[PDB]
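What's counted below: heavy atoms across the whole structure, side chains too, no hydrogens, waters or symmetry copies. In what follows, chains are A, B, ... by sequence order, proteins preceding strands, each numbered from 1.
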Amino acid sequence: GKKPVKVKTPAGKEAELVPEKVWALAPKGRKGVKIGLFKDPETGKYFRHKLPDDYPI
DNA sequence: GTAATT
DNA sequence: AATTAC
């Protein structure tokens, strides 16, 4: 989990954050998505957010 | 619901 | 429970 991602925080804001952890979330038979774990700087809360389909895992 | 992750 | 989207 290295390169920053443009994400929409729960607080409301657009923000360029670096995920703590990234991984692929896909069922058998389907493409699924890539997901990042992030900490909202506005609140310290944790939240998850889709990554672009070519974000490196 | 399913997939992983925490 | 949440993430996405099929």
key: Chi angles and distances behind the side chain to side chain contact (heavy atoms under 4.5 Å, CB included) call for A:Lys13, A:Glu42   = CA-CA 9 Å; A:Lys13 282 130 134 307; A:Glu42 267 321 286; 3.6 Å; yes

note = Tightest non-hydrogen contact, residues A:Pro19 and A:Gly36, listed as CB-CA, 4.3 Å

task = State plainly whether one hydrophobic cluster holds both A:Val18 and A:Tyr46, where clusters connect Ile, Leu, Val, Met, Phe, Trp and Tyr through side-chain heavy atoms under 4.5 angstrom apart.
result = no

key: Joint hydrophobic cluster, A:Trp23 plus A:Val33, side-chain heavy atoms closer than 4.5 Å   = yes

Got a sec? Which of [range] come in under 4.0 Å of DNA chain C, heavy atoms?
{"range": "residues 47-57 of chain A", "value": "A:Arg48, A:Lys50"}
{"range": "residues 22-39 of chain A", "value": "A:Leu25, A:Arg30, A:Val33, A:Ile35"}
{"range": "residues 3-10 of chain A", "value": "none"}

Tell me, do [X] and [Y] make a side-chain contact under 4.5 Å, heavy atoms counted?
{"X": "A:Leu51", "Y": "A:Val22", "value": "yes"}
{"X": "A:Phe47", "Y": "A:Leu17", "value": "yes"}
{"X": "A:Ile57", "Y": "A:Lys34", "value": "yes"}

ask   = Checking A:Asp40 side chain against A:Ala11 main chain: does a donor-acceptor pair fall under 3.5 Å?
value = yes

ask   = So with a 6.0 Å cut-off around NZ of A:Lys6, is the heavy-atom count from everything else above 12?
value = yes

ask   = Given the rule in the side chain to side chain contact (heavy atoms under 4.5 Å, CB included) test, do A:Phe38 and A:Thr9 qualify, once you have shown the distances and angles that lead to the verdict?
value = CA-CA 9 Å; A:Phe38 301 87; A:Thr9 78; over 6 Å; no

key: Length of the CD-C1' vector between A:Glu20 and B:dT6, whole Å   = 11 Å

